[PDB]
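Below is one structure, written out as structure tokens; comments come after it.
In this analysis, Cβ positions are derived from the backbone assuming ideal geometry, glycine residues included, and neighbour counts consider all displayed protein chains. Computed from the coordinates by the stated procedures, all read-outs in this text should not be read as laboratory data.
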Number of protein chains: 2
Amino acid sequence: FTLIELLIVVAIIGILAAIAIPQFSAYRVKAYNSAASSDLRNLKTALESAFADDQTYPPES
Amino acid sequence: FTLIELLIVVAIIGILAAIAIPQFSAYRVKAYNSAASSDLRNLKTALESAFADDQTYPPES
């Protein structure tokens, strides 16, 4: 509308364009880690189930 | 909160929804089996007790 109105908008667009976007890197690597430790604690039950069938842990591959 | 925040959540919900759920089928069939072998080894003591009363194993049914 008025030149002064178009001077507040550009003064607010500048504000709302920098709101300290956080580093969402550590908060995701923790999920990837806790998939692998879960997966290992599960894998152990398969190994120690298979031993109590065969008196041996499985052959590799 | 922020669109980027709602992009990590959907990136973690996808992770924590696939954590390699193991096949809990063999680990239960072993229990059903070891009920029946226990039950037989017990049933034998009843048969060979009853013989030493009557000089005969029981009639069927």
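How about A:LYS44: which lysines have a C-alpha closer than 18 Å to its C-alpha, ignoring those fewer than 8 places off in the same chain?
List returned: B:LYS30.
Measuring nothing but label to label, 7 Å from Cα along Cα→Cβ, what are A:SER37's distances to the other copies in nm, shortest first?
Between copies, matching label points for A:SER37 lie 3.7 nm apart.
Shielding of B:10-17 by partners, i.e. mean partner chain Cβ atoms within 10 Å per residue?
3
If you average the C-alpha positions of region B:13-61 and of region A:13-60 separately, how far apart do those two centres end up, in angstrom?
About 37 Å separates the Cα centre of region B:13-61 from the one of region A:13-60.
Check each of the GluC sites (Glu not before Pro) in chain A and keep only those in coil by DSSP with at most 13 other C-beta atoms within 10 angstrom; list them in order.
Taking chain A and a limit of 13 other Cβ atoms within 10 Å, the loop GluC sites (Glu not before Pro) found are A:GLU60.
Taking +1 at the Cβ of each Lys and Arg and -1 at the Cβ of each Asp and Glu, which of A:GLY14, A:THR2, A:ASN42 sits farthest along the dipole of chain A towards its positive end, judged by Cα position relative to the Cα centre?
Comparing the listed Cα positions along the dipole, A:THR2 ranks first.
Once every DSSP H run of n ≥ 4 in chain B is given -39500 (n - 2.57) and the sum is divided by its residues, what mean residue ellipticity at 222 nm do you get, rounded to the nearest 500 deg cm²/dmol?
Estimated from H runs of four or more residues: -21500 deg cm²/dmol.
Treat the count of other C-beta atoms within 10 Å as a stand-in for reagent exposure and order B:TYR27, B:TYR32 from fewest to most.
B:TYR32, B:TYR27
How large are Rg and Dmax for the protein assembly as shown when only the alpha carbon atoms are used, in Å?
33.1, 117
Pick out which of B:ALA20, B:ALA31, B:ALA11 has the largest mean-square fluctuation in a Gaussian network model of chain B, springs linking Cα atoms closer than 10 Å.
Ranking B:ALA20, B:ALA31, B:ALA11 by mean-square fluctuation puts B:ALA11 first.
Please compute, for peptide A:33-40, the average count of beta-carbon atoms on other protein chains lying within 10 Å of each residue's beta-carbon.
Averaged over the peptide's residues, the number is 2.
Restricting things to alpha carbons, find the Rg to Rh ratio for chain B using the Kirkwood radius for Rh.
With Rg and the Kirkwood Rh in hand, the quotient comes to 1.65.
Hey, got the dipole for the protein assembly as shown? About the Cα centre, +1 on K and R Cβ, -1 on D and E Cβ, debye to the nearest 20?
Around 600 debye, computed over the protein assembly as shown.
When the chain is fully extended, how far beyond the present Cα-Cα distance does A:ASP53 get from A:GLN23, taking 0.36 nm per residue of separation?
Taking A:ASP53 through A:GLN23 to full extension adds about 6.0 nm, to one decimal.
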